[PDB]
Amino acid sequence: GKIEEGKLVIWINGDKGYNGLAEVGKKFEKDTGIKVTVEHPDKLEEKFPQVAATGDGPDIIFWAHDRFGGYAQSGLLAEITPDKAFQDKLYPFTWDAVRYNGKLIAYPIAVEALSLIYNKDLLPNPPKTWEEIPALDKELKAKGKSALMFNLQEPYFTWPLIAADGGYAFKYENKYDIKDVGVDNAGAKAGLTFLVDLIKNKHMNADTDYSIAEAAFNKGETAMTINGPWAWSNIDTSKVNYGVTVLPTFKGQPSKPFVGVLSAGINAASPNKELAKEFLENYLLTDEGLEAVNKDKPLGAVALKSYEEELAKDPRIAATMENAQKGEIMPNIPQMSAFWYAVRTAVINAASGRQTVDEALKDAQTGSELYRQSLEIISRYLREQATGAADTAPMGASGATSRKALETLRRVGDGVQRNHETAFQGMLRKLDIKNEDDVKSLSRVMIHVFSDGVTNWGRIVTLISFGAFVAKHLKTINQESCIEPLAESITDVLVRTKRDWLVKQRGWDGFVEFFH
C-alpha cells in the first residue's frame, strides 16, 4: 500500500478546530510513541476522493456525513465496527447519518446547523422574517451599517431560504423518492428570487464570501450573519455582543437548514485501521477529547451523550438545535456532491445575473437528477437487452423523459449494435469479463476511452450499447447478477465525465429531441 504503516494521518476542514484535534493527537502520541499528524488541506472534500481512489491519502477523513455515501460507493471507506457499548454512548440518530447500504461507514462527531447570528448592540431584536430585512437594511445603512452578510459562494448558506417555501433536494416524506427532485419548483424559485432581489436592491453583494462576511460581522459592520457553531470562537475574540437565534421565516415558513453530522471515516486503503479506531473511540469521542476540539472551534451538538448533556445548557446550542429541528438531516446518496455542485452554480449564476433564476434552477434540477435518471434508463436497457423482455414497472417521476429516452435508445442502439457487432465482439474478447470483480475494473477503461474528444449523443449511445452487449454476455454465462453493477458503473462514468455537456443538452430531453 501507499499509506504509511504505524502512524496516523488525519485530514479535517480548515474551518474546524484542527489545533484542538492536534492536541488530542498529541495525547495519543504521548501514550503510544505513535506519530499523529493533523492537516487541513484546501478543497478537502474533493482532494480526499482524488487521492483515496489511488489507494493513498489520510488514514482518517473528517467531513459532514453527506459526502461519505459517495466515498463508500467508490470503495474509499472502511466499514467501522464499534461494539455495542461504544455505540450506545452516542445518540442513535447520529449513527443513522453515517449508515450506508446497511453498514456504518464513519464515526459521528457532532450535529451542525446554521443559525442567525446577530449583533445585539446594532440589532437588539432580530427580524422574525426575511421580508422585513430590506427595510431594516435601509435603516441600518443610514447609520453606516448593513443588515445582513453571509457566504453567497456556498449553497449550504442559501439553502435554508430556498427550502423555506417548498424547495427540496430529493423528496423525503417519512421514505425517499430520489427520482423526485425539487430544485426548480415554485418554492425554490421564490426563495432564490428573494435573494437575487436583495442583491439587485443593494442590500447584499453577489461577491460576498465566507471571509468577507465573517470580517464584516466581527468588525461590527453588519448586524447579522448566517453561520454554524465553528464560527463562534472568532466572534468571541472580536468582542462583539452577539446572539444566536432562529433563522427568519420566508412566506411565513421556517427556513430549513440542511443539517450535517461532522463525521470521521477510515480510509479503505489504511493499514492502520485498528489504530484509527483506538484514536477515534478512546481519545476523540470522550468528554476530554471533544472538549479539546470544542474549546478551539465549537462543534455544535455533539454525538456523545455524556458531553452533550453539558453543552445542551448553552443557549447557542439550544438555538442550533431549534434550527436543526426545522431543517432536515442531509441524505448521503452518492450523487450528493453533484447536487451541491449544481445548486452552487445556480446560486452564483443567479446572483451575478449570468442566468435568470428560472434558467439557473432548471440547470440545477437537471444536474441533480442526472445520476438517478440515467441509471434508470441504462439499467432498464441493459436488463431488457440481456433477457429479451422489457420491465413492466412504471417509470415514476420524470417518467415521460425516462420512457422516451429508453424508446430512443432502443431505436438508435439497435443500429449501433448491428454496425458495431464485430468491434464489440473483439473488445469483449480482449477484456475477458468473467465476474463481478472483472466488472469493477471496467470504470478505468471506460473513462480512458470515453473522455477524449468531442462529445455527442452517438458516442453516448455507443457507450451504453457496448454495455448492453456485455450485459447479454453476462446473462449467457450465468452472471446475470453482475448486470446491475455494470449499469451503475456506466452511469457513474457518463454523468461524471460529461456532466457539463449533459446539462447543456438539457439532459435526456436533448437526447430525445436530437434523434426524433
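For clarity, a rigid core is taken as the largest C-alpha set superposing within 1.5 Å between two forms. Throughout, we count residues from 1 along the sequence that is shown.
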In 8 other deposited structures of this protein, superposed on the rigid core, which stretch sits farther off in Cα RMS terms, 336 to 344 or 432 to 440?
-> 432 to 440
Quick one: with the core lined up, is it 113 to 121 or 379 to 387 that wanders further in 8 other deposited structures of this protein, going by C-alpha RMS?
-> 379 to 387
Taking the deposited Cα B-factors and averaging over 350 to 358 and over 364 to 372, the higher mean is found in 350 to 358
Per the entry, higher mean C-alpha B factor between 304 to 312 and 253 to 261 | 304 to 312
Identify, among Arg380, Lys440, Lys277, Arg99, the residue whose C-alpha carries the highest B-factor in the deposited PDB entry.
-> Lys440
The residue of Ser146, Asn267, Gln325, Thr94 with the maximal C-alpha B-factor according to the PDB record is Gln325
Where does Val470 sit by CA temperature factor within its chain: lowest, middle or highest third?
-> middle
Taking the C-alpha B-factors as the PDB entry records them, is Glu23 in the lowest, middle or highest third of its chain?
-> highest
Record-listed C-alpha B factor of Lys297: chain third = middle
Can you tell me which third, lowest, middle or highest, the CA B-factor of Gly69 falls into for its chain?
-> lowest
Rank-wise, by C-alpha B-factor, drop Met224 into the lowest, middle or highest third of its chain.
-> lowest
